[PDB]
Structures are given as C-alpha cells and as structure tokens.
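Here you get one chain, nothing else, as structure tokens; it is the form deposited in one PDB entry.
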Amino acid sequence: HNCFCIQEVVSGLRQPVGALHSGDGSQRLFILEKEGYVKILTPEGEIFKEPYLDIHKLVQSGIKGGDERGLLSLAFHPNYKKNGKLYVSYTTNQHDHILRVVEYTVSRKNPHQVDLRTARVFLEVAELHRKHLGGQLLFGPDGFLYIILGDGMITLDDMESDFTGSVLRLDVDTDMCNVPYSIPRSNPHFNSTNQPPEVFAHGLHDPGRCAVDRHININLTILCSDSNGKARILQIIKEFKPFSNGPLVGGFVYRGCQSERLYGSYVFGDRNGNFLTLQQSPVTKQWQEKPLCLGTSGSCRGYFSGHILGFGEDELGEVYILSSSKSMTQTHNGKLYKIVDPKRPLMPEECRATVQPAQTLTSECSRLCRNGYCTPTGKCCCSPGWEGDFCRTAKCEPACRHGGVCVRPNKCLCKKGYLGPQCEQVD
C-alpha cells in the first residue's frame, strides 16, 4: 500500500480548531481551543499548564455543534522571534455578534504567555448570523496579513460591514500611530474611495481552511474549499473542480520532511477523515483528484477518533489533524493527530533540526517603550500625554513652574514651598 497513517500525539483537549508554530526555532506547537484558549505543546510532548493565551471571557463561543462562534484563527508575525507580534480572530458580542481581528504581543517577562494588556483591535466585522464566518489569518511571502471571511449568510439584510465574503489584505508594518494597519499599494482598491481598500478579492461563502502554497515564478497561491449549497474550490494567485458527495473541512500544502512523496501536494479532507490530493497538470493546467488512503502500520492507525475540526502544521512542516466529537467535548477529550508516511522513518536523518528554545524579547522597542505600544517595525507610539522617543517623558500643559517636574501627564511634582497644579502658588 501507498497509504498514510494517523498517530495520536496528545489528547485531553477542548474543541481544538487548529494548530501552528511561530517560526522562532523553538519548535513549539500552539494549539487553538474554540472556547478561547491557546495551549503550547513542546517538542518533547508536554502541554504547558499555563495557556499561552486565555481570552475565554472575551470570546463568545457556541454550545451546539455547528455554532461557529469562538476562537477562529491565529497568525504569528513573520518576525515574531524579534518583535513577539501575533494576531487573533475571535467572535464576541457588543447585531448578533462581532468578529474581531486583534493584535497581541508576547509577555516581555515570559516567552510562553501573552501579555493580555497589549491588545489592539484591528478590524471589527459586524456579523448577523453564526455560520459561514471564515476567519483565517495568514501572512504571505509579501509580508502582508491575509484575512479570509465568509459571508455570514447575509443577502437581503445587506441592503439594510462590507468585509464579509472577501479576502482582506492589510499591511501591519506601519509607523502611523493613528491607524493600526495601512493598505498596501498593490491592493486592487487602494485609494479608489469606492470599494474598501482592504478588500483584495471577494465572492466567498462559507470557506474552509485554505491551502497556502508558498513555492519564484509565482509569489503565493491560496486554494479554498467552499460549499455554498450541497463543493467547489477557488484559487487566488500571487470553479475548479466537479467533485461530488463531500463537505470539505479544508486543506493544506504539505511542505514537511518526513514524507518524501507527499512533498508539494495539496491535501484536502472532510469532516470524517476522507482525504484527497489535488494535482495540477503543468501541461494542461487542469486540476484532478486522487484519493489519499489511510492504513494501520503498528502504532499509527488507519483511523482516528471523532470528527476533524481543523488542521495543524509544526515548524518542521509536518501536518496534523485536530479531532473532537459531541462525546469528546463533554468528556473534555479533543485530540491532536499527526499524519505520518509509514514508508519513511519517523526521524529521517535529513529532517533533524536543533531546538532553539524561545528567548525573551531582545528588541530595543519592547525594552524601553513603556507608556505606549510598539509597532511591528519598532516605532514606539505614545499614549496621550507622553512624548519621549520611548514615551518616557510626560507632557504637562500648562507647564510646571518654579522648578517642578512633569512626572506623569499633567501632574507636577513641586519643590517644597510651591503649591498648585503647576506649582504656581508660593508658600
């Protein structure tokens, strides 16, 4: 057989929706739980007791299976190793609910938990329903943040926002302390003032997890599965197939090292673990499906528990399955499964990488900027009432007098003998 196999890595999870790495060399795997938690899995296989991110109070999650509200996606800044920037999309309530896209920053004190005080709202998408929400975040090799939103089943209500069913592309590397993101010049509606500049492409309804090929001859490829009504696949570069009888969870482009034959393949799978591969003809540019099969080889088995909720990718490129059921949710037993090529060793010699354990932030901005926030580029944006280079000097208007010092905004520390808000009074 040419089949692959599924190996259980961890269990005891709650409604896992995805997993990914930070690209800092630490080979940590960050697991997303719908209720609003992000947990760390170390390379030795331990789950840290303290969540990396706990926002379950902010997050509105649904009870019933099929309620898509919750924590949707996470993307680490391409330069997270130096600036500790990460991005999160979740649902909350204030007009049913509102889909947020927020930036967070890792604690300068602890590289394994996020400083919750560093939240910055980037986008707030008004939502009217609880399905077709999308919410995937990813960075392209251009360095830009892509946001993939469903349509939220809005149509006649649209006549009465404007971001649903589109792929947004923001530039998070801005110096303007006014706006959290700037629009890249390449966007199709930059400075048009008729369509939103953030919109890069539209027309999505209920997209699954999109496969992201990163490859020279082409910069970036995003393939999405989509099921408006009972499936179709869509390409964004720099209707694609008549397959039937499926509802696809999503897909990935395998760039791992354990499987030689799977390299470069687009893999898609449905709720029940039926996997297919997509192959484009370089000659005819037409897409074709071949099933990918699972079979048991010792410990790694040709099956897994429950239903697929999302996919994972570690820093070495190996891909994962995240599963749960209605039985596994109340029992608090979601699982993380690795996809293995049983034809190949578990650690082929060429696939070894040395763990570089995660270090605290070393950048000049995080170290000295305290009365404001740090942009991903490093500019320290001061809070109101501060103006230093790192916002360390307070502003007092009117100025402190009789030698007073402006210690905090509009607060004068007077010398003995001088009173009043600006030390203007004598005796």
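Just so we're on the same page, rigid core means the largest C-alpha set that superposes within 1.5 Å between forms. Shifts are known only where both forms have a C-alpha. Residue numbers run from 1 along the displayed sequence.
Check your understanding: Thinking of the other compared PDB entries, is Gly229 one of those residues unmodelled in at least a third of them?
Key -> Counting only entries that model residues on both sides, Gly229 is unresolved in at least a third of them.
Review point. Any chance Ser166 is unbuilt in a third or more of the other entries we compared?
Key: no, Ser166 modelled in all other entries.
Point to revise | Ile216 preceded by how many uncoordinated deposited residues after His215 | key: Unresolved stretch here: 1 to 3 residues.
Check your understanding: Taking the recorded C-alpha temperature factors, which stretch has the higher mean, 216 to 224 or 308 to 316?
Key -> The recorded data point to 216 to 224.
Point to revise | Average Cα temperature factor in the PDB entry - higher stretch of 25 to 33, 385 to 393 | key: Stretch with the greater average CA B-factor: 385 to 393.
Check your understanding: Out of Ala358, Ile47, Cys380, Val38, which residue has the highest Cα temperature factor in the PDB record?
Key -> By C-alpha B-factor in the record, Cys380 ranks first.
Review point. In this PDB entry, which of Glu289, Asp270, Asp162, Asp341 has the top CA B-factor?
Key: Of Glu289, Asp270, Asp162, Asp341, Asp162 has the highest C-alpha B-factor.
**Study point:** Lowest, middle or highest third - CA B-factor, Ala119
**Key:** Within its chain, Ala119 is a middle-third residue by C-alpha B-factor, going by the deposited values.
Check your understanding: Hey, what third does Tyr181 fall into on Cα B-factor, ranked over its chain?
Key -> As the PDB entry reports it, the C-alpha B-factor of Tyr181 lands in the highest third of its chain.
Check your understanding: Taking the entry's C-alpha B-factors for this chain, is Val106 in the lowest, middle or highest third?
Key -> As the PDB entry reports it, the C-alpha B-factor of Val106 lands in the middle third of its chain.
Point to revise | Relative C-alpha B-factor of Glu424, binned into the chain's lowest, middle or highest third | key: Middle third.
Exercise for review: Using the B-factor values recorded in the entry, state whether the Cα atom of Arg261 falls in the lowest, middle or highest third among the modelled residues of its chain.
Suggested key: Tercile = lowest for this residue's CA B-factor.
Keep in mind that the form deposited in another entry is missing from the display, and what follows is about it.
Check your understanding: So which residue among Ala358, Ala394, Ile55, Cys365 shifts its CA at least 2 Å between this form and the one not shown once the core is superposed?
Key -> It is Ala394.
Review point. Is there a C-alpha shift of 2 Å or more at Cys412 between this form and the one not shown once the rigid core is superposed?
Key: Yes, the C-alpha position differs by at least 2 Å between this form and the one not shown.
**Study point:** Core-superposed comparison between this form and the one not shown, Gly12 Cα displacement 2 Å or beyond
**Key:** No.
Point to revise | Threshold 2 Å Cα movement between this form and the one not shown at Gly25, rigid core reference | key: Where the cores coincide, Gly25 shows only a C-alpha shift between this form and the one not shown that is less than 2 Å.
Practice item. Using the form shown as baseline, tell whether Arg401 and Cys381 are closer or farther in Cα-Cα distance in the other entry, where the change reaches 3 Å or more. Key: Distance between the C-alphas of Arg401 and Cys381: shorter in the other entry, by 3 Å or more.
Exercise for review: Once the rigid core is superposed, list every run of three or more consecutive common residues with all C-alpha shifts of 2 angstroms or more between this form and the one not shown, in sequence order.
Suggested key: The runs that move are 156 to 160, 216 to 218, 231 to 238, 242 to 245, 392 to 423.
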